[PDB]
Amino acid sequence: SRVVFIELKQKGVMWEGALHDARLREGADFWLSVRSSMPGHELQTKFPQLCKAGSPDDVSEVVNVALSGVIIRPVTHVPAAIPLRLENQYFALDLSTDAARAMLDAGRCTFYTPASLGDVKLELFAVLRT
């Protein structure tokens, strides 16, 4: 299907993407493409527990509020034609109803990548449904 590349802006440990593309509210599933100085098998194993989705809409005075209902799952491949990377690891974002709605309504998504992941680089893709 059609693939929408979502530009992620890195600000230290945080990665932020704008979700204002109108096509995203019509049905989309998201994937992360990850490259790191960390060995590939280790990144596959640890990235789903190290990377945390941030709250796209928290209005509290608490810093670093997380978005619950985001399960990062390692995948063999993204089900769409995307730039190939021999050394990259791919992950699906298994979003709950509330998580998907929270990001789409806020028009934003954020991801925390700790320094333990090393020299990490993230790319976010959405595959539009039907």
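Neighbour counts run over all protein chains shown; Cβ positions are idealised from the backbone, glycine included. Values in this text are rule-based calculations from the coordinates and carry no lab data.
What to note about this one:
- As a rough footprinting exposure proxy, the listed residues 82, 71 were ranked by other beta carbons within 10 Å of their own, and the order from fewest upward is 71, 82.
- Within the chain, longest stretch free of exposed trypsin sites (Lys or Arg not before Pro) [DSSP loop, at most 11 other beta carbons within 10 Å]: 3-128
- Rh by Kirkwood over Cα pairs, then Stokes-Einstein D for the chain at 1.002 mPa s and 20 °C, µm²/s: 143 µm²/s
- Proximity of backbone amide H atoms, modeled 1.01 Å from N, is registered between residue 19 and 108, 109 at under 5 Å, excluding neighbours fewer than 5 places apart on the same chain.
- Computed from point charges on the beta carbon alone (+1 for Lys and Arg, -1 for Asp and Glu), the dipole magnitude for the chain about its Cα centre is near 300 Debye.
- Comparing mean-square fluctuations of 61, 87, 26 from a GNM of the chain with C-alpha springs under 10 Å, the top value falls on 61.
- Calculated mean residue ellipticity at 222 nm for the chain: -5000 deg cm²/dmol, from DSSP H runs with n ≥ 4 weighted as -39500 (n - 2.57), summed, divided by the residue count and rounded to 500.
- The amide H of residue 65, built 1.01 Å from its N in the peptide plane, has 55 as neighbours under 5 Å, considering only residues 5 or more places off or on other chains.
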